[PDB]
């Protein structure tokens, strides 16, 4: 009844406060933020940038036109040649700035060979133009390609279960791929979250404790086509070792599950997460099979993914008791 540190969607429930350097540290990493903001903001931002360069140069050109005396003779004649043809005022100067930076260049307003400063400005503005474009491309490219989007076609079981496999008592949860694209170099991790006090009397607000999914033997690496059921064998070195079915409806703790892997197309690691509270773990259940064979191939029924069935055959005590008891019977 304490609270949820990671929601079921993987979303983490926490907030940072009194971060001192936040503004100056965010300026240096500035690109990283820019790509996480809503599109409309990233866009409006860029159109803001465009608009600003158009107005700036537009003004310069208008200033030049004003001083040269072009405003009064925009088209020139035999005895007089303007800096930029057909700039009669502000809006005209604005239009030419846009036409130039965008490279539309209708040509009705046009630079002449007269002013080196007008020429120069055109030069500068062109270069400027490319620069802004380049940033926009990259930004869009980057944001467009974010691998965290892939985590939404990855799936966790609504519950985790505990049950026997091959003589061992195991915590299990299930994972699945909702795309026919592969998750490359995928692997998993699990952790038990809960506050604790060390024998020295040190309070750890939330301690994160590894749940061994087979990392040592290289078994945490998975090949995920059909849903895989992930197994934690509860043993001497397990944090759940002394926990029984009744300890599940009493205790407060949380199990955090991770799936890391690479989006096949971009080879960019995505990390998917979810969470099981002690009250979301079903003791004595087993997952319903989603895979079955038909004729020339295999199929997965995904409506059975979350479903579990009761195994009355399941022991209600902790692995600890289970073990210790084995050594009474076997001891006498």
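Positions refer to the first chain, counted from 1.
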243-251 versus 88-96 - greater average Cα B-factor per the deposited record: 243-251
Please compare 306-314 with 14-22 and say which has the higher mean C-alpha temperature factor in the record. 14-22
Would you mind finding, among 212, 260, 133, 77, the residue with the largest C-alpha temperature factor in the entry? 77
Of the three thirds of its chain by CA temperature factor, lowest, middle or highest, which one includes residue 38? middle
Should residue 8 be placed in the lowest, middle or highest third of its chain by the C-alpha B factor in the entry? middle
Third of chain Cα B-factors occupied by residue 46: middle
Select lowest, middle or highest to describe the third in which the CA B-factor of residue 220 falls within its chain in this entry. lowest
CA B-factor placement of residue 124, once the chain's modelled residues are sorted into thirds: lowest
